[PDB]
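Protein chains in written order, with the entry's author numbering: chain I, 1 to 214; chain L, 1 to 214; chain F, 1 to 214; chain D, 122 to 369; chain H, 1 to 218. A virtual CB, placed ideally from N, CA and C, is assigned to each residue, including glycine.
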């Protein structure tokens, strides 16, 4: 069993720069190494095969190299469409093995998030449940903290967070935070507040609503 | 002398499950490895030979694999008729060698043993000898320890143990323990005790009798 | 990557003597080693190629030798025209690699330095800046230390040093040291001293001036 | 025999060989006809590409001075039928090998192209090997029992043999001796219509290629970098004719 | 025009077999070397085996021998992959790949992917909830709208808005598993002159259950 060991699981870079991904073999495999690209929610696409041969399709931007046990994929000048996972594969002997995932992220400049709070819909409040959502869209970097306030008091239980990966088009990130309460508990308080603190501002972005006024 | 080392002597599983038996060689033997099945009281039957070739007879249920020094027999979904011993054999160079036995067993369910102690019969005491027997019937798993006490003191010499194999009907085990003493020594003590300790109970099962009272 | 490791960066000798430069390979390269000569301000010229074969030219004065991993260039009797850099190169496998620089120098030793200190010109003091220079001319060997004193106190910040290579005519070395301060800072001290310590004298050569007296 | 399993990117090897021995000469008042197999007009049956076997068509054409004779691989257009430019030696891999269409030139009414002809072809199978690359048409399952634990991959079943012209001798020579056109096979009994005569000649018995070596420098020792190697071939002919005046 | 269609996602209880199919790889005279790859969210990609139509040759991995069975129908068709005793470690996305004509390394032609979920419970349809702004404290410019998908099983769900129209300014958030049920969120940003001027509707398609359509109103 030939083990494919890729250096880093994640990789940082910026638009236009040059990136090199390394793949180390546990045995000599000559040039029987292939590289693949996989975007989220899609099937992998072949990029390089036979160490340094581009497949029909793949731009000269991508170049493979290496032999024996050290192999490298190089991306000379980048585009937003290159944000995906990159795998190396060995086919010198059975069984065929792949390397660990490698995520390529962009270092593009840092935007402040856009925060929108939404009270529970009238339809969901008829089911006995109440979900308050708070969308944080198009921010960079990834580090961000969301704080839920119910009548000014911080609420810890009942929060569900879902962070999006880096957007393939503008290199931004998104996050959804959902506070799910029972209708009885939702109707016992008035003020609901979603506060987002991010390094792009020294004061948190506050979005709030009142149950009585809305 | 190429040594055939099989991992475990016993293996537990249930009908329908998937079992894999491993056989490790002390030398490279390519694919010159054969597997056999032997039921109690019968001669072994050839199953797989040349690492992964089934013999005329053997269902597709059995699959062999491996090369060089690691070989494996896999049973994809089981039947009751597959409970037997399995051996691996090397025929790369003389002398031919076999692996240790490997018993495939059914697990069933966890029973506590049934302990019955029997003093020497009046007929055997006419011959100058005295045998105290202790039957441990229908227990699982196999691991169990019997302790003989004479007037509360543990007795080591003179014990003969006979463990039964797995019952073909209810998958339980049985064990007989016989303490054989001279009549002179038997009549010099009063209390005789047979204690069975098993994982199904945190206290030993105690069966005892007194010579004077019986 | 085959690493070319040359022994010494600099080498001393005199006209007529015999010089041997060594080049050690990190791998066996047979005889696929070439030697080059590079004079300052010019492009390198090949001397020996295939370890020990002279290129069209090239005086029999130069002789190459070695095989496998130890290679040597020998200059049996020298001329002034041989003072230059010498490189060894491997071409057994890609990528091609070269060795570190090796300077061949003449050892006509030894002179004591000539130290001259110059206060900032009246013209430079009109721009708000003040540079004090100290020339150390025609000394040997290269090892020399300059110490700046402002009112007797050693000054570390603001010094710029520029060492000259060996002079092609008399085999001596030169060094310039410039202490650059603001005019405000220059006019706040009186005594400025440049001290040169060199192995040709057990006491430093001291050149000084006073701002008020000059 | 051999060899296990090394199919890869590029398995091409530097290989040399000698061709099949061929001597022939023809005379007529019209140029000769040659036949060769080329990429045929598309297509017999229908309809789709790609990378499939190209349709074959037997093309009859006029043999020009400089066209290649058959070697040991048939009369075909290697430029179109072999797209890898690497299946046959370099002197035929980019051209076309033409073979004389004796049947057509003999069956034409007037017979202006064949006053007579002489020929001698000979060859044997020197070595055998298989082609690298994907098998376009694999062996049917009924003809091979698949294995094998290992193996499992059917080896390349595209076999081709190198030719060899065998012995060349003076007793086998067709030339340097006169030929008298006593009777012609066609109706044209040696009449040179248009006051012209086409004489076709193929002679592989004098195909020796001379090797030239020029020195760029002369190092103290022997170094291959000091010399350039060249290939040169020569052909010497002397055409002698004797004509008879005729009136009509 | 060289794409591979598979069987489709399936929810199976533990201890039952499942059969996956492929298409347009495996013809007479041609020739292909079909491979199958398993994608576990933790182990990355794992090669299963290599099958050759026109011969029916079979090669497996010792890890999957006895777990995966491979078959090939020469007419049409090809390539069936079936798994026997399904456990929790078999919950993965399986791909049918064919390097052009032959060989191992090359997978330039991948299948669409088939998500197999081996677990108990049963397919629960999603509850879609609109996420509209609050009163009149927003106005111009541009408005964010959302649809909340809660309490469904299994992954995935397909969330679209204007019937495929308008793909810019949308954000699909990864699902979160809580109480053995999934929860998805989706947001879209449109100019204030668009909503509520023209209707905005989100569509939630759940292949193992039911498609839903919900329009957003003030």
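Apart from the five residues on each side of it in sequence, which residues of its chain come closer than 7 Å, Cβ to Cβ, to residue i?
| i | result |
| --- | --- |
| residue 28/L | 68, 69 |
| residue 102/L | 6, 8, 9, 11, 21, 85, 86 |
| residue 2/H | 109 |
| residue 226/D | 153, 154, 234, 235 |
Using only CA atoms, which one of the options lies nearest to residue i?
| i | options | result |
| --- | --- | --- |
| residue 147/F | 123/F, 46/F, 203/F, 85/F | 203/F |
| residue 191/L | 19/L, 128/L, 117/L, 198/L | 117/L |
| residue 195/I | 168/I, 114/I, 162/I, 189/I | 114/I |
| residue 123/H | 37/H, 5/H, 208/H | 208/H |
| residue 58/I | 71/H, 3/H, 108/H | 108/H |
| residue 152/F | 214/F, 40/F, 210/F, 13/F | 210/F |
| residue 367/D | 219/D, 334/D, 179/D, 312/D | 312/D |
| residue 199/L | 54/L, 141/L, 98/L | 141/L |
| residue 154/L | 193/L, 168/L, 1/L | 193/L |
| residue 199/H | 184/H, 25/H, 162/H, 180/H | 162/H |
| residue 188/D | 348/D, 295/D, 201/D, 321/D | 321/D |
| residue 239/D | 203/D, 345/D, 287/D, 300/D | 300/D |
| residue 135/H | 217/H, 168/H, 102/H | 217/H |
| residue 277/D | 259/D, 268/D, 289/D | 259/D |
| residue 119/H | 95/H, 153/H, 105/H, 139/H | 153/H |
| residue 147/D | 323/D, 199/D, 359/D | 323/D |
| residue 130/L | 158/L, 197/L, 79/L | 158/L |
What do you get for residue i, buried or exposed, if any count of 16 or more other CB atoms within 10 angstroms of its CB means buried?
| i | result |
| --- | --- |
| residue 179/I | buried |
| residue 207/I | buried |
| residue 182/H | buried |
| residue 195/H | buried |
| residue 98/H | buried |
| residue 52/L | buried |
| residue 61/F | exposed |
| residue 54/F | buried |
| residue 43/H | exposed |
| residue 245/D | exposed |
| residue 161/F | exposed |
| residue 134/L | buried |
| residue 128/F | exposed |
| residue 308/D | exposed |
| residue 314/D | exposed |
| residue 279/H | The structure shown has nothing for residue 279/H, since chain H only spans 1 to 218. |
| residue 145/H | buried |
Determine the direct distance from the alpha carbon of residue j to that of residue i, and round the result to whole angstroms.
| i | j | result |
| --- | --- | --- |
| residue 143/H | residue 92/H | 38 Å |
| residue 16/L | residue 87/H | 13 Å |
| residue 249/D | residue 262/D | 24 Å |
| residue 84/H | residue 83/I | 37 Å |
| residue 303/D | residue 291/D | 25 Å |
| residue 26/I | residue 131/D | 24 Å |
| residue 174/H | residue 14/H | 26 Å |
| residue 177/F | residue 150/F | 14 Å |
| residue 79/F | residue 43/F | 20 Å |
With a threshold of 6 Å on Cβ separation, who are the neighbours of residue i within its own chain once the five nearest residues in sequence on each side are excluded?
| i | result |
| --- | --- |
| residue 174/F | 137, 164 |
| residue 45/F | 37 |
| residue 353/D | 331, 333 |
| residue 151/H | 127, 181 |
Can you name, in chain order, every residue of its own chain whose Cβ lies under 8 Å from the Cβ of residue i, other than the five neighbours on each side?
| i | result |
| --- | --- |
| residue 362/D | 318 |
| residue 185/F | 130 |
Cβ of residue i versus every heavy atom of the ligand MG: is any distance shorter than 7 Å?
| i | result |
| --- | --- |
| residue 82/F | This structure lacks the ligand MG, and indeed carries no ligand of any kind. |
How do the stretch 89-100 of chain L and the stretch 32-50 of chain L stand: do at least 3 beta-carbon pairs fall below 8 Å, yes or no? At 8 Å Cβ cutoff, the stretches touch.
Between the stretch 153-162 of chain D and the stretch 181-201 of chain D, do three or more beta carbon pairs fall short of 8 Å? Yes, the stretch 153-162 of chain D is in contact with the stretch 181-201 of chain D.
Does the structure place the stretch 13-32 of chain H close enough to the stretch 229-243 of chain D that three or more beta carbon pairs sit under 8 Å? Contact fails: fewer than three Cβ-Cβ distances are below 8 Å.
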